[PDB]
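Structure assessment
Chain by chain, the residues:
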Amino acid sequence: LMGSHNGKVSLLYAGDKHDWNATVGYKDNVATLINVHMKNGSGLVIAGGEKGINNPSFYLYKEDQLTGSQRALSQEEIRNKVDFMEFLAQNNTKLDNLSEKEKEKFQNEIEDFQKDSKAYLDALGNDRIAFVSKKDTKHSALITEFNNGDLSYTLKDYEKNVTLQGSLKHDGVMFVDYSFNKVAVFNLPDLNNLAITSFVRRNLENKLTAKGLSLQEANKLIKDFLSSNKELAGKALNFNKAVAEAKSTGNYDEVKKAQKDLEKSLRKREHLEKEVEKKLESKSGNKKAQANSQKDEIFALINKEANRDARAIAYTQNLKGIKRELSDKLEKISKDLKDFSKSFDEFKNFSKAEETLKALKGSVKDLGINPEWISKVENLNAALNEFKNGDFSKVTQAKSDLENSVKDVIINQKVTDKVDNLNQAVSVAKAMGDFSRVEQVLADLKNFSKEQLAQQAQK
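Method information in the entry identifies X-ray crystallography as the source of the structure, with 3.19 Å recorded as the resolution.

Below is the structure:
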């Protein structure tokens, strides 16, 4: 049993099956700061935004499936919910690239996420979570932070203090914060606009020379930057690979090593910077600090173009994922409508329709907000409840209205998608000279039209 004592700061406590104790802080009375202390020596800290911690219970309690009773999460169960949240933080809040071992590990946290994602996404999105790990043999621990849904790793030894936040995969950019200076690292491929004979590289060259620099000095720096960035990115991803292994080993010597390896490259970037400041200093002779601010303006320019490309690449991938996800949902919705337009078509000429409409209703709700499909469903529900206590012509009308409404939206996206392919195909084919792929898209669009003209002709 547990008890809360007030003296706004309250205290949660009870130890044996008693794994933790917390200190909840209040303001205008809403929770603003939870503070979990576990027997492990591991720590959890939650900090609410302007609106404060919503559902503080989420971080401390679970609903027992066998009893219905509220049960306190174990220091293990806590760590695991953080591990699960860390997963989502790394994979743009989606459950796609979930490994089989991760599917074993997260089963329960997957189970409840599946019931209601809100609790998880709201937490991840709105609150400031900080988890400190159980101190390893060498007296070190790892703080795993979550801000604007953004993960941040930081190793603490109980001095060159280094923290790294961001997703290269999903944001296109990530950051290295070290004792204090911040470094932007971009996930751009080898053949990027900054590396190519682009209008962008053209202008980048024009602006670097104009700020007191030789064309061969500017172009050297561009490649030095792109080279530095790429090295940093690898070293960054390396710290993550260490952290991921550490998760199971329980040791931070490898993460310590990865930080040192990363630090090497961070100093390399420092050397690259001062060199520009020098090759700028020995150029006007009136003073040092003007050559520093002028160096900063130059790097800003490069980082600006690097950010624009990396995020645009990242945006396009994330969008591609949404357009696929929606297409899949609609394909599912189309199946549920194909079956309900058979179950009702057999009833019209005992009832089977009740479950197919029950499946379709769920399929539509799964997609998201469409208040005209909710209105179209209540119209069917109203016309159905009015046949029990009366014409069936008012029943078939609301059916065909709902059937037509969803089928038109389904057709509009399926055509949009196909044409967007053709657009790309045509754009690529007239650049490489091979229209063999545009022929494919066309023959598919023809076949889709025939399929849809035949389905219009079967009314």
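Here the narrative resumes, following the displayed structure.
What follows deals with the nonpolar core. The biggest cluster of nonpolar side chains holds 56 residues, and the ones touching the most others in it are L44 and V176. By size, the runner-up hydrophobic cluster in this structure holds 22 residues, among which are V173, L226, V276 and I302.

As a further point, take the sheet that holds strand β5 (residues 43-47). Across the sheet, which stays open at both edges, the 11 strands sit in the order β1-β2-β3-β4-β5-β8-β9-β10-β11-β12-β13 with antiparallel pairing between neighbours. On the outer flanks of this sheet lie β1 (3-6) and β13 (181-186), each paired with one strand and no other. Neighbour-to-neighbour, the strand axes of the sheet open up by a mean angle of 15°, direction not taken into account. Across 6 bridges, the pairing between strand β12 (residues 173-178) and β13 is antiparallel. Directly across from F175, in β13, lies its bridge partner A184. Along the sheet, helix α9 (residues 289-348) makes contact with β12 and β13, crossing β13 at roughly 45°.

Here the structure, examined in full by the defined rule, presents 33 salt bridges. A salt bridge links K247 to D83, with the nearest nitrogen and oxygen atoms 2.8 Å apart. On the basis of relative accessibility, which here comes to 21%, the residue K247 falls in the partly exposed class. What makes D83 buried here is its relative accessible area of 4%. The salt bridge partner of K407 is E403, with a shortest N-O separation of 3.4 Å.

With that out of the way, let us pick up unusual backbone geometry. A negative phi holds for most residues other than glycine; trans holds for most peptide bonds. Positive phi outside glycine occurs at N55, with the angle close to 50°. When you line up the elements, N55 lands in the loop between β5 and β6 (61-63). Of note, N92 is a non-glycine position whose phi angle comes to about 35°, a positive value. Relative to the helices and strands, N92 is located in the loop between α1 (75-90) and α2 (100-105).

Two strands pair when backbone bridges link them, and β5 and strand β8 (residues 128-132) are joined in this way by 5 bridges, in the antiparallel orientation. The residue of β8 that forms the bridge with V45 is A130. Pairing geometry for β8 and strand β9 (residues 140-146), over 4 bridges, is antiparallel. When the bridges of β9 are listed, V132 appears paired with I143.

Here we take up the packing of helix α6 (residues 199-210) against helix α7 (residues 215-249). Put simply, α6 and α7 touch, their axes get as near as 9 Å, and they point 120° apart. Looking at the two axes, α6 sits oblique to α7. For the element pair α6 and α7, the recorded crossing hand is right-handed. Where α6 approaches α7, its residues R201, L204, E205, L208 and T209 are matched on the opposing element by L215, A218, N219, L221, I222 and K223.

Before going further, it helps to examine the domain arrangement of the protein. Assigned domains within the protein: domain 1 (1-319) and domain 2 (320-459). Between domain 1 and domain 2, the C-alpha centre-to-centre distance is 42 Å. Taken together, the contacts link 6 residues of domain 1 with 6 residues of domain 2. Each partner contributes to the roughly 460 Å² buried at the junction of domain 1 and domain 2, and carbon and sulfur atoms together form 37% of this total. It is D96, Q317 and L319 in domain 1 that bury the most area against domain 2; as a group they hold 68% of the surface buried on that side. Summed over the shared surface of domain 1 and domain 2, the number is 1 salt bridge.

The rules behind the values
- Residues numbered from 1 in each chain as written, not as in the entry; some residues may be left out.
- Heavy atoms only, no water.
- Core = buried A, V, L, I, M, F, W, Y, C linked by side-chain atoms within 4.5 Å.
- Buried < 20%, exposed > 50% of the residue type's maximum accessible area, 1.4 Å probe, protein only.
- Pairing = 2+ DSSP bridges.
- Helix = DSSP H or I, 4+ residues; strand = E, 2+ residues; numbered from the N terminus.
- Axes fitted to C-alpha atoms, helices over the stretch in contact; angles between N-to-C directions.
- Contact = heavy atoms within 4.5 Å.
- Salt bridge = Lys/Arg side-chain N within 4 Å of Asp/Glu carboxyl O.
- Parallel < 35°, antiparallel > 145°, perpendicular 65-115°, else oblique.
- Left-handed = near helix turned anticlockwise from the far one by under 90°.
- Domains from an automatic or database assignment.
- Buried area = accessible area lost by both parts, 1.4 Å probe.

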